[PDB]
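One structure below.
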Amino acid sequence: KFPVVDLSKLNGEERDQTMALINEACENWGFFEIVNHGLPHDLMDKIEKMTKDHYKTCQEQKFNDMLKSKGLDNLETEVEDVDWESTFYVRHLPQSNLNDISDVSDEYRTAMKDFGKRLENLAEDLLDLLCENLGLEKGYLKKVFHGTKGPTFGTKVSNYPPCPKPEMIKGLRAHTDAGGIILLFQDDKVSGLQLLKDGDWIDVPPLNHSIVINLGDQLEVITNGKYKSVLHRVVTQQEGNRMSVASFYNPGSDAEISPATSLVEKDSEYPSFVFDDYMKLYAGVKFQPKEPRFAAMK
Amino acid sequence: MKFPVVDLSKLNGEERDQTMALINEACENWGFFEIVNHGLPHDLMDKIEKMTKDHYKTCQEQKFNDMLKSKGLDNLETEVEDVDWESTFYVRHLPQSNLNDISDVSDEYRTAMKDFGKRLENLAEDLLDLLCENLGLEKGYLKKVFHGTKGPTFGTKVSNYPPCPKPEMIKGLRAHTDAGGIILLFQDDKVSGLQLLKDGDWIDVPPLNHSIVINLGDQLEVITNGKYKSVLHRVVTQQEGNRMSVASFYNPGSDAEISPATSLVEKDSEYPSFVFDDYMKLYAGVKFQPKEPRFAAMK
Amino acid sequence: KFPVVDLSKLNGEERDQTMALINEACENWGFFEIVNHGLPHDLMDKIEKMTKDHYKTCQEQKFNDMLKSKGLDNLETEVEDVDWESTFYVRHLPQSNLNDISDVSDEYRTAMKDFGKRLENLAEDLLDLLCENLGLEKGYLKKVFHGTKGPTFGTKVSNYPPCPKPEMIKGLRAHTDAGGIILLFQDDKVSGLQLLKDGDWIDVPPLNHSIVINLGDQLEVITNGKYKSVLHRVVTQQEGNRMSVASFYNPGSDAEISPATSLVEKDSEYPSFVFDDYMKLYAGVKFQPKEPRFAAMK
Amino acid sequence: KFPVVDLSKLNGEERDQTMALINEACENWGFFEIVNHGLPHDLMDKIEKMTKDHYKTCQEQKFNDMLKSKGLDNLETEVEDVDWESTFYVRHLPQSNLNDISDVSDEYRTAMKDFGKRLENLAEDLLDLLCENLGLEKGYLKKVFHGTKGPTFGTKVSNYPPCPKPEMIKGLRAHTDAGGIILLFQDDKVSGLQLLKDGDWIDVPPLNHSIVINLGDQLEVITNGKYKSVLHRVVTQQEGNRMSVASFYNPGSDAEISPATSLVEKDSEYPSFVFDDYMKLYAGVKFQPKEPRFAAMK
Ligand SMILES: O=C(O)c1ccccn1
Ligand SMILES: O=C(O)c1ccccn1
Ligand SMILES: O=C(O)c1ccccn1
Ligand SMILES: O=C(O)c1ccccn1
Ligand SMILES: [Zn+2]
Ligand SMILES: [Zn+2]
Ligand SMILES: [Zn+2]
Ligand SMILES: [Zn+2]
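Which chain is which? The protein sequence lines are B, D, G and C, in order.
Numbering-wise, PDB author numbering comes out as the position in the first sequence, counting from 1, plus 5.
Numbering-wise, PDB author numbering comes out as the position in the second sequence, counting from 1, plus 4.
Numbering-wise, PDB author numbering comes out as the position in the third sequence, counting from 1, plus 5.
Numbering-wise, PDB author numbering comes out as the position in the fourth sequence, counting from 1, plus 5.
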């Protein structure tokens with residue numbers, strides 16, 4: 006059963022049990038859903054509606070332009086080198102480009118700014134729960150992530166349109182995320198996101214007004230492997246356009262990333278590096294195995 | 005943390021148990037090991053090496069340079085992670101040989117390759133029997149699983165990794181695990197390059213004169229229920245030196261049924277049961293992506 | 006000005022003028038277009054439509070698989086030994102293989118059979134006009150071409166898909182045709198076929214519901230050089246997929262080919278041979294000079 | 006310091022810094038000189054000699070004729086509506102008139118033809134360097150310039166003879182060039198060409214065996230203002246006849262010119278139009294401000 010965490014149970018004497026659920030999702034799933042997370046359901050509903058309307062208005066034509074430009078009109082053999090995906094990226098931190106994206110509406114930009122700020126505070130709240138579960142001092146992960154200019158925080162807004170031949174192409178090929186903590190607002194009707202657990206692909210179930218959390222490669226390093234970043238993918242379907250609004254809380258470019266000493270006894274197998282060196286490498290090898298990227302930092 | 009070198013002549017004597025134990029440790033903890041004092045005549049190895057290197061210089065080097073310019077890798081500017089800096093051709097031995105159909109090979113190279121391949125096929129089957137004994141399986145178990153209808157698949161990849169002006173930019177061969185059963189490598193004894201991933205570090209598979217490098221593929225990880233894992237490996241380039249590689253792949257037949265051996269399965273396995281050719285059709289397209297999704301895809 | 010022959014003008018006031026124009030194209034161009042040729046325009050439209058749809062369904066992915074098979078994905082330097090071409094061949098005579106091309110529909114097969122029979126009749130009508138212009142007896146060329154089983158007649162169905170760098174590769178390299186008379190139904194929008202005349206490449210202009218005629222090597226022999234087989238090529242372009250349905254009316258395999266004695270005063274420089282010996286040679290040297298093939302038949 | 010670019014440094018490890026100099030000149034100067042290009046110094050020396058000898062034999066007459074019919078022999082006060090200039094034009098593409106200029110010698114025409122071909126290839130190589138610096142796809146600008154008949158390429162051969170009172174008249178009044186890329190072989194002793202930069206007229210220094218490059222109005226549109234076409238003029242002097250051999254690589258007449266979409270964020274201030282409409286208008290208003298010509302294309 007996929008972990009669903011009720012964050013409102015942290016405000017009372019059920020808080021220890023909630024923390025234990027968070028910790029075991031972090032150790033064994035790499036993913037969990039959160040409900041009662043404090044984000045207004047009214048804000049999620051308009052983010053959802055304006056994301057979908059901005060797709061028809063602005064992204065659908067770019068998407069078909071892409072399928073023509075790569076011959077994906079007609080899928081007669083398996084395509085393992087492209088994602089059946091429509092995306093644009095919004096940067097929040099350290100410097101916002103929200104007011105420079107030309108094709109987004111005023112009210113969409115205002116909703117995205119509010120949504121991004123609330124998710125940034127929720128990311129930092131979640132990192133503190135991780136710290137507590139890890140036996141780290143409060144604020145430890147936030148301070149590691151800061152670097153010189155503060156954390157990097159952006160939002161990937163994706164749609165995975167219907168695919169006539171889902172067997173032939175993935176919406177997004179299997180990978181682990183490079184960063185710190187990932188907070189996903191996904192479609193509540195159209196499924197597609199899957200994680201790999203114990204040798205099976207497991208669906209990340211659509212759930213109304215929920216946020217999906219998962220941990221990236223940097224948290225595997227800092228926890229000395231105690232919390233691993235898990236492989237995940239998006240599969241297409243013939244009917245349905247799955248919406249994806251995923252926010253990435255990453256260390257600053259010059260943050261020093263290393264295994265926390267209190268989590269290391271035997272010499273660590275994980276490297277110590279500067280985050281931007283990891284991200285330069287990751288961009289070119291995102292869909293290749295994760296383990297060579299750690300070795301490359303030594 | 006020393007790379008395992010196994011003396012196969014010590015299986016013939018009082019030290020056979022200690023030698024078997026060493027083999028089993030390499031299979032569990034390295035996925036690779038070198039063997040010495042195997043049956044292969046050192047003069048046949050010297051001939052194979054000599055004729056491979058001369059066939060590169062004579063027939064492949066001009067094609068390799070032409071491939072460079074056709075792809076614009078003659079001048080390297082930024083990292084290339086979708087191309088291998090590699091010159092290769094393939095020789096199929098089983099189930100059906102294509103040796104007499106490679107046009108650009110000499111009669112003496114073709115005859116030596118046929119002889120070399122036959123000896124390596126017999127050595128592959130002897131090594132599979134050592135694994136069976138170490139795993140507690142009946143003798144011939146892995147050979148029988150691999151047979152399918154037409155027998156095992158056996159072929160040889162003959163590769164050269166020529167000097168690369170900028171090695172930090174392109175791999176000789178990107179990191180992957182091998183799809184098949186057991187892989188037997190005769191590699192350059194001077195020029196290094198092959199590396200395996202162990203405990204979060206890339207480790208050189210050291211060139212060693214008249215040795216054979218053994219490693220296990222994805223099919224043995226399934227059959228042993230994860231006890232022997234298929235290990236990630238790559239070939240790095242260098243500015244000088246052309247590393248030769250003659251690698252033989254002993255794989256199950258196309259219609260072989262692959263599954264975890266029942267005596268190694270005390271609770272539900274995380275590994276699938278499938279037909280080998282379905283794994284291979286999938287593997288061809290995703291060879292340089294993670295291994296674990298390929299097992300999940302067989303369920 | 007590229008010769009366009011109006012076959013309705015044989016009926017016949019300008020019939021001398023039309024015949025003189027046919028003769029002038031045969032001597033000096035080796036190519037000419039015909040209009041009002043009797044082929045139903047609706048049959049041409051069906052052939053064109055089903056040819057273009059059959060490419061998309063059956064050849065376009067085969068074509069992209071061939072490109073990556075041969076490395077023409079990257080055209081960083083000149084390719085002089087490959088044609089940027091998708092083709093299949095249909096034999097009508099003496100023995101049809103129309104029923105063995107498996108990925109074609111019964112409607113396409115029935116239309117090609119009707120089209121091929123009408124083009125075979127037009128080929129023989131055209132050969133009789135050449136006979137008259139040359140002063141040969143009616144039916145002379147048809148009788149020479151017959152051999153024992155009748156003429157050889159087949160259709161090459163080609164498409165020349167768009168090429169990102171057309172200056173690196175030809176759709177089809179310069180050559181002369183080996184056979185008798187060639188009747189080409191080409192794309193009426195996308196140009197590409199060129200002939201060599203007076204040291205210049207001249208486009209063979211797309212013209213709706215027209216047939217392009219050219220003379221092959223066998224007619225150069227029979228006419229003792231009075232009508233020469235002209236070099237031609239197909240150039241690629243970056244946008245546009247030029248279709249080509251080209252039918253070859255050739256002598257039978259065991260036909261005896263020699264210069265017609267009434268066209269020879271001074272001893273001929275052209276050989277006398279059996280057609281299949283010419284064709285067995287031509288296959289290996291099609292894109293090398295034409296003149297050594299005549300010498301090789303002595 | 007006026008930018009001088011060594012093109013031979015593109016073949017090696019200094020190529021990035023060379024590209025950076027090119028991009029800097031394109032953004033901030035609109036002009037740059039190139040050395041070590043492909044043109045043989047003996048071809049430049051012969052072009053220069055035969056241009057100067059062609060002035061004395063053929064153009065000096067037409068020039069004094071011009072001064073007659075305009076009353077410019079004596080300059081009592083400023084002349085702001087005529088250029089103190091002797092010119093004839095050579096067209097290369099899409100069609101050459103080189104063999105139709107009556108008063109040009111055989112060897113001048115052969116040199117002029119070889120010179121023009123090398124400058125046409127150098128124009129296209131330079132346009133690809135701009136593409137790379139702009140982040141556009143390789144060949145982007147050449148493809149935009151093509152239209153139906155290919156680029157327009159011609160050569161303006163000018164002399165600016167000595168002027169008794171240079172204060173009264175310009176050799177060529179201040180203007181921006183209408184076209185794409187301009188490649189100038191100018192006098193290496195007699196100066197005169199100036200550009201306007203940061204509120205100062207700056208001399209374009211004569212330099213042995215160099216080519217002066219500048220960008221026209223069409224590249225400002227395509228780059229959405231990132232590379233502007235800058236005002237330039239030729240001043241006269243009392244002693245010295247400055248030679249000017251200027252080749253203009255322009256889009257084809259029916260080319261569609263618009264800001265490249267990857268260079269546009271907010272709505273562009275530049276129009277989208279067909280090049281020949283710009284040229285019709287430019288011809289009549291060449292020495293008036295540039296900005297109204299862009300406004301006129303909307
Ligand atoms: O696009 C991704 O990589 C993604 C999106 C949401 C959650 C995890 N990963
Ligand atoms: O080419 C390979 O994948 C290979 C070759 C030799 C040994 C292991 N792997
Ligand atoms: O494919 C050919 O060689 C051909 C096709 C049409 C017309 C002339 N020649
Ligand atoms: O005559 C011109 O307008 C010109 C000549 C050379 C360079 C720039 N402009
Ligand atoms: Zn992800
Ligand atoms: Zn391998
Ligand atoms: Zn032909
Ligand atoms: Zn100018």
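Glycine included, every Cβ here is placed at the ideal spot set by N, Cα and C.
Where residue 28(G) is concerned, the enclosing alpha helix (DSSP H) starts and stops at 20-33. Per the coordinates, the alpha-carbon of residue 266(G) lies some 9 Å from the alpha-carbon of residue 228(G).
Relative to ligand 7, the nearest heavy atom lies less than 8 Å away from the CB of residue 237(G).
For ligand 4, residues qualifying as neighbours are 187(C), 189(C), 251(C), where qualification means a beta carbon closer than 5 Å to at least one of its heavy atoms (chain order). Relative to ligand 3, even the nearest heavy atom lies 8 Å or more away from the CB of residue 103(D). For residue 160(B), the enclosing beta strand (DSSP E) stretches over residues 157-165.
Remark: the shortest separation between the CB of residue 192(C) and any heavy atom of ligand 8 does not fall under 8 Å. At a threshold of 8 Å, residue 177(C) counts as near ligand 8, since its beta carbon sits closer than that to one of the ligand's heavy atoms.
Short note on residue 181(G): C-beta closer than 8 Å to some heavy atom of ligand 7. Taking a Cβ-Cβ cut-off of 9 Å, the neighbours of residue 73(D) in chain G comprise 81, 82, given in sequence order.
Fully contained in the region 164-205 of chain C is no alpha helix (DSSP H) run of length 4 or more.
When C-beta atoms of the region 63-82 of chain G are compared with those of the region 73-81 of chain D, three or more pairs fall below 8 Å, so the two segments count as touching. Looking at the DSSP output, residue 120(C) bridges to nothing. By the beta-carbon neighbour count (other beta carbons within 10 angstroms, threshold 16), residue 42(B) is buried. CA-to-CA, the gap between residue 183(D) and residue 164(G) works out to about 39 Å. Restricting attention to 108(B), 119(B), 57(B), the CA atom closest to the CA of residue 271(C) is found in 108(B).
At a beta-carbon threshold of 7 Å, none of the residues of chain G lie near residue 289(D); the nearest stands roughly 12 Å away. Residue burial annotation: residue 225(D) is buried, with at least 16 other C-beta atoms found within 10 angstroms of its C-beta. Boundaries of the beta strand (DSSP E) around residue 254(B): 247-255.
Beta-bridge analysis with DSSP links residue 91(C) to 164(C). At a cut-off of 9 Å between beta carbons, residue 275(B) contacts chain D. Ligand 3 never approaches residue 234(G) closely enough for any of its heavy atoms to be under 8 Å from the residue's Cβ.
Residue 252(D) places its beta carbon less than 9 Å from that of residue 160(D). Rounded to whole angstroms, the gap between the alpha carbons of residue 293(C) and residue 180(C) is 7 Å. The straight-line gap separating the alpha-carbon atoms of residue 139(D) and residue 242(D) is approximately 39 Å.
At least 9 Å separates the CB of residue 242(G) from every CB of chain B. By a beta-carbon distance limit of 8 Å, residue 154(D) contacts residue 257(D). Their separation comes to about 6 Å. At a cut-off of 9 Å between beta carbons, residue 70(G) contacts chain B.
The criterion of a C-beta distance shorter than 9 Å is satisfied by residue 237(B) and residue 199(B). Taking C-beta atoms as the reference points, residue 232(B) and residue 135(B) count as a pair closer than 9 Å.
Residue 100(B) places its beta carbon 9 Å or farther from that of residue 150(B). Around the beta carbon of residue 290(G), fewer than 16 other beta carbons sit within 10 angstroms, so the residue counts as exposed. Under the Cβ criterion of 9 Å, residue 203(B) is counted among the residues facing chain D. Nearest Cα to residue 211(D) within the set 221(D), 204(D), 196(D): 196(D). Nearest to residue 94(B) by C-alpha distance, out of 86(B), 56(B), 87(B), 61(B), is 56(B).
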